[PDB]
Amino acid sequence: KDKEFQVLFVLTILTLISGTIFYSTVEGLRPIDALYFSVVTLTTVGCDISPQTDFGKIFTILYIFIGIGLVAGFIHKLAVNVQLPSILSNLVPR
């Protein structure tokens, strides 16, 4: 078990929870839409919508700067600790 991976996972879940609550409260999005906006923002995919309120713009700025680094670290650890071992195991002739 990788502690760095566990922390990055919990931090990402809390980050996405925080984003969902914020955008559904301040920007008036449905929780599902708020979660989607948080995910596509922190993975840098982006969305067709932007925050309308100045508070949403400021939060999104800070959210982006801390969130991108965490999610990116989680995606890296997810690739090397889970997806890559699973791919390798699944390529073994049995």
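Residue indices: 1-based, along the sequence shown.
Peer 1: Between 43-51 and 56-64, which has the larger average Cα B-factor in the PDB entry?
Peer 2: Higher of the two, by average CA B-factor, is 43-51.
Peer 1: How does the C-alpha B factor of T20 compare with the rest of the chain: lowest, middle or highest third?
Peer 2: For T20, the deposited C-alpha B-factor lands in the lowest third.
Peer 1: Based on the deposited C-alpha B factors for this chain, I'd like to know if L78 is in the lowest, middle or highest third.
Peer 2: Its C-alpha B-factor belongs to the middle third of this chain's values.
Peer 1: Going by the entry, which third of its chain does the Cα temperature factor of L84 land in?
Peer 2: Its C-alpha B-factor, which the entry lists for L84, ranks in the highest third among residues of this chain.
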